[PDB]
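Peer 1: build me a model:
(one chain, ligands or ions: 8)
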Amino acid sequence: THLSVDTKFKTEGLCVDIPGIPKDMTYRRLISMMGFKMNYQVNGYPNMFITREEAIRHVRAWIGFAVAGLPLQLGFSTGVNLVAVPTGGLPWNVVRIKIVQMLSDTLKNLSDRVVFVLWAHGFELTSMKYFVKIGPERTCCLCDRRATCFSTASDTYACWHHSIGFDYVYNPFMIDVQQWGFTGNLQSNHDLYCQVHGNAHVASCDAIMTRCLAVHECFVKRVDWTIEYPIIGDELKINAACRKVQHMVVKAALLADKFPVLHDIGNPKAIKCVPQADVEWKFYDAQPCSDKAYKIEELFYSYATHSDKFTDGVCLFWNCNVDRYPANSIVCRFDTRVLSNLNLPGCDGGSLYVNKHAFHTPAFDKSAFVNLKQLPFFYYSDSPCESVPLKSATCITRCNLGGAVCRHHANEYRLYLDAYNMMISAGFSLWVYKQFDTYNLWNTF
Ligand SMILES: Cc1c(S(=O)(=O)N2CCc3[nH]ncc3C2)cc(C(=O)NCc2c(F)ccc3cnn(C)c23)n1C
Ligand SMILES: Nc1ncnc2c1ncn2[C@@H]1O[C@H](CSCC[C@H](N)C(=O)O)[C@@H](O)[C@H]1O
Ligand SMILES: [Cl-]
Ligand SMILES: [Cl-]
Ligand SMILES: [Cl-]
Ligand SMILES: [Zn+2]
Ligand SMILES: [Zn+2]
Ligand SMILES: [Zn+2]
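Peer 2: Numbering: from 1, shown residues only. Ligands and ions are numbered 1, 2, ... in the order given. Sure, the structure comes next:
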């Protein structure tokens, strides 16, 4: 599939300056009016514009682009504003070099392309012929990576890593948010879901608001479990570390306070992280997976609506990012403020954490944890004790009741500290019911 060049393009959003002729226009004609010869459909570039679904798959490539402005102000979701003075303030030869530099620095570790996100008034499409070249899909002249850049000086193509001195953005993709069935202007729509992006008259602020709005439409409602994103960092080691820590913590809580029920709030797949534990395991999600729905209550947790509920046992909120956690809770939450290639700027102070799936995460807020304390580091095992000795008050094992710690539990401890440290560094924090104490783990022996 791709977006057919013959698909209709609504022209209502385009400023009074830009004509229709007959107002039933297409992408074929718009691309032509932009000054681009579209001969490249056989060679993996059938359309400059892409479907919403293609855009969502390429979310890491999203750069808001708007033009304000004779001289044009070009603005990007990165905060950069460039003013281009045409021949007949800064010249186009210098602007096009800077645009390539900025996109390379932003995208090199995120994506193999750029998707320009537009609220298209006409001028920003008109500008592209000054810094964009289209042609057949190509590899970089120095890598197997797809070509994103062209150098007029040398007739050579580069990826985002190999682009120093390059002057043309090559085969960018773009999406016009105005085609998505909105009414009114950009600000009226953006401001419904976000107070954090202001309306200061520069082009970059329009670019930032457009990407924010698009992020809102495509990610804030729910997790799409059908769309997977490639590995670009330590996803595998981070996710293995988190699952190791999840098991430990929920096991330890279940032994230490002997809760008769665990409420797994935000578990849409009905998979227990401690499957062998003696407890009634209840599953709740705002969006249960259809094939598991029979044994998962559909429920959107808010303290304001459910403080009279989950009165018994312990609530597991494993990256289920609610407004306020009740007092009987074990919580993993991701800090939206951490800098990571995994973590993209999101809507309303939130971030879009793309790690296998795209998880929009509300702004990190201390007040959510008002009824909880930080979970202190500990290692717990009640497994066989078989064979620098380990001198730690946080190794909670039979061999550490008075003896030197066994080779096994000493090895496990150091793997678990490595895992916990990996998880802390990846921007996750752990919270627990205030009455939680390792005192009640030392007694299990
Ligand atoms: C990174 C990640 C998380 S996360 O929890 O770390 N996370 C990140 C930050 C964030 N912000 N907003 C939401 C979230 C969620 C969860 C998953 C995932 O695919 N989970 C699928 C799944 C279930 F749905 C239920 C039971 C299990 C057991 N194993 N897996 C794999 C299960 N990924 C890839
Ligand atoms: N207020 C809320 N109430 C219930 N479920 C919620 C929620 N906010 C988010 N969710 C759900 O929380 C899940 C987060 S992603 C899956 C997390 C899961 N606990 C795991 O171990 O991997 C999604 O399925 C989402 O639908
Ligand atoms: Cl990459
Ligand atoms: Cl050119
Ligand atoms: Cl961020
Ligand atoms: Zn390269
Ligand atoms: Zn915003
Ligand atoms: Zn031991």
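Peer 1: tell me the contacts of residue 341?
Peer 2: Shown in contact with residue 341 (C-beta atoms under 8 Å, 6 or more residues apart in numbering): 109, 110, 232, 233. (C-beta placed from N, C-alpha, C; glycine too.)
Peer 1: which one is it nearest to, not counting chain neighbours?
Peer 2: Counting by C-beta to C-beta, 6 or more residues apart in numbering, residue 341 lies nearest to residue 109, which is 4.8 Å off, once chain neighbours are set aside.
Peer 1: if I look at that neighbour, how far off is ligand 8?
Peer 2: 42 Å (C-beta to the ion, to the nearest Å).
Peer 1: and that residue, how far from residue 79?
Peer 2: Distance from residue 109 to residue 79, counting by C-beta to C-beta, to the nearest Å: 18 Å.
Peer 1: what residue, apart from its backbone neighbours, is nearest residue 23 spatially?
Peer 2: Closest to residue 23 by C-beta to C-beta, 6+ apart is residue 11, at 5.4 Å.
Peer 1: could you say which helix or strand holds the one you found?
Peer 2: If you go by DSSP states H and E, residue 11 is not part of any helix or strand.
Peer 1: same check, this time on residue 104
Peer 2: Going by DSSP H and E, residue 104 is in helix 92-107.
Peer 1: put the alpha carbons of the next helix or strand after that helix into CSV.
Peer 2: Next helix or strand after helix 92-107 toward the C-terminus (DSSP H and E): strand 115-118. What follows is strand 115-118, C-alpha atoms only, in CSV (Å, rounded to 0.1, in the frame of the first residue of the first chain):
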residue,chain,number,x,y,z
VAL,A,115,8.2,13.0,7.9
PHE,A,116,7.5,16.8,7.7
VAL,A,117,4.3,17.3,9.8
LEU,A,118,2.2,20.2,8.3
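Peer 1: what's the following helix or strand past strand 115-118 packed up against?
Peer 2: Heading C-terminal from strand 115-118, the first helix or strand you meet, by DSSP H and E, is helix 123-127. Where contact means 3 or more C-beta pairs under 8 Å, 6 or more residues apart in numbering; DSSP states H and E, helix 123-127 is packed against helix 27-34, strand 62-67, strand 72-76.
Peer 1: please repeat the previous calculation with a cut-off of 7 Å.
Peer 2: strand 62-67, strand 72-76 (3 or more C-beta pairs under 7 Å, 6 or more residues apart in numbering; DSSP states H and E).
Peer 1: can you list the domains in this structure?
Peer 2: As given by automatic domain parsing, the domain ranges for the chain are 8-220, 235-442.
Peer 1: distance to residue 226 for the ones you listed - can I get that in CSV?
Peer 2: Shown next, in CSV, are the domains of the chain (distance: least, C-beta to C-beta, whole Å):
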stretch, distance to residue 226
domain 8-220, 10
domain 235-442, 9
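Peer 1: hmm, who's touching the one helix or strand residue 424 maps to?
Peer 2: Using DSSP H and E, residue 424 maps to helix 407-425. For helix 407-425, the surrounding residues in contact (C-beta atoms under 7 Å, 6 or more residues apart in numbering) are 237-238, 241-242, 244-245, 248, 377, 379, 381, 385-387, 390, 392, 395, 397, 399.
Peer 1: how far does it sit from the chain's center?
Peer 2: 27 Å (C-alpha atoms, centre = their mean, to the nearest Å).
Peer 1: for the next helix or strand after it, buried residues please.
Peer 2: Scanning forward in sequence from helix 407-425 by DSSP H and E, the next helix or strand is strand 428-433. Buried residues in strand 428-433, defined by neighbour count with 16 or more other C-beta atoms under 10 Å: 428, 430, 431, 432, 433.
Peer 1: how about the residues of the stretch 301-445 of the chain that lie near ligand 7?
Peer 2: Taking C-beta under 5 Å from the ion as the criterion, ligand 7 has no neighbours within the stretch 301-445 of the chain.
Peer 1: would you map the helices across the stretch 301-445 of the chain?
Peer 2: Along the stretch 301-445 of the chain, counting by DSSP state H, counting those that start in this stretch, helices occupy 303-306, 407-425, 439-442.
Peer 1: which stretches in the stretch 101-250 of the chain count as strands?
Peer 2: Counting by DSSP state E, counting those that start in this stretch, one finds strands in the stretch 101-250 of the chain at the ranges 115-118, 132-133, 149-151, 156-158, 168-170, 173-176.
Peer 1: ok, which of those comes nearest residue 357?
Peer 2: Closest of those to residue 357 is strand 115-118, at 18.6 Å (criterion: C-beta to C-beta).
Peer 1: which helices and strands sit right next to the helix holding residue 104?
Peer 2: Counting by 3+ C-beta pairs under 7 Å, 6+ apart, helix 92-107 packs on strand 81-84, strand 168-170.
Peer 1: please identify the most buried of the ones you listed.
Peer 2: strand 168-170 (a mean of 22; mean count of other C-beta atoms under 10 Å).
Peer 1: ok, back up a step: tell me the one of the buried residues of strand 428-433 nearest ligand 1?
Peer 2: Comparing the buried residues of strand 428-433 against ligand 1 with C-beta to the nearest ligand atom places residue 428 closest, at 6.9 Å.
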